[PDB]
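>>> Before I ask anything, here's the sequence and the deposited coordinates:
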Amino acid sequence: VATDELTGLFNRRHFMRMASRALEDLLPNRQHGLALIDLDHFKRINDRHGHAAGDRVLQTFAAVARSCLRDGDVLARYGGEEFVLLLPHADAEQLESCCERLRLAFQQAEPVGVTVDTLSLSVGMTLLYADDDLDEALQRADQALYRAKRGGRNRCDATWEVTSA
Ligand SMILES: [Mg+2]
């Protein structure tokens, strides 16, 4: 009920409670790192390879990602093939380091019993400050994620960076 049976990660509803608490505990001059993560071409993989193969790709991501996180970092299912990452007390440099490490590591991953072409991630990153609301921050992250996707995927974009037009 707290975890996703497939990946072993926290599920969305539990994450929201964890992240909500962490945000309320946030001191004036401090911040958390927050990111939304999409597994690129998941539907294409599921379509060509089948549902069980898609499951193995979700599980491969979870395994890869766990190895990138610190003690106290939180990663959860967000819905579909999307994931949400909270890095307590992290700044932009740390958040970007983590997300780039995840991106590169997933690209190098090898899911058992599948022969996918390319695995890649798109990531939208933002920072969480005291007095922010979690749902508005998730919205901000999702905007950066949109830019990552529209920009060709396999990339991390952030709300603190200049956008295109
Ligand atoms: Mg997707």
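Thanks, I have the structure now. Numbers count the residues shown, from 1 in each chain.

>>> Check the gap between the most centrally placed residue in the chain and residue 128 for me.
With distances taken as Cα atoms, centre = their mean, residue 37 lies nearest the centre of the chain, 3.1 Å away. Distance of residue 37 to residue 128, given as Cβ to Cβ, to the nearest Å: 16 Å. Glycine gets a C-beta too; all of them are placed from N, C-alpha and C.

>>> Check residue 155 too.
22 Å.

>>> before we move on, what about residue 70?
In this structure, residue 70 and residue 128 are separated by 16 Å, where distance is defined by Cβ to Cβ.

>>> can you check residue 96 too?
The span separating residue 96 from residue 128 equals 15 Å under the rule Cβ to Cβ.

>>> Which one's more surrounded, these two?
residue 128 (25 against 19; other Cβ atoms under 10 Å).

>>> Look up the closest residue to the more buried one, ignoring the ones flanking it.
residue 32 (4.0 Å; Cβ to Cβ, 6 or more residues apart in numbering).

>>> Packing partners of the helix or strand where the one you found lies?
According to DSSP states H and E, residue 32 maps onto strand 31-39. With contacts defined as 3 or more Cβ pairs under 8 Å, 6 or more residues apart in numbering; DSSP states H and E, strand 31-39 has these neighbours: helix 12-24, helix 51-66, strand 82-87, helix 92-107, strand 121-129, helix 134-150.

>>> In a markdown table, list the ones you listed along with distance to the ion.
Conversion of those to a markdown table gives the following (distance: least, Cβ to the ion, whole Å):
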| stretch | distance to the ion |
| --- | --- |
| helix 12-24 | 15 |
| helix 51-66 | 12 |
| strand 82-87 | 6 |
| helix 92-107 | 13 |
| strand 121-129 | 8 |
| helix 134-150 | 8 |
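
>>> that's a helix at residue 157, yeah?
No. Per DSSP: H, G, I helix; E, B strand; the rest coil, residue 157 lies outside any helix segment and is strand.

>>> Fine by me, we can end here.
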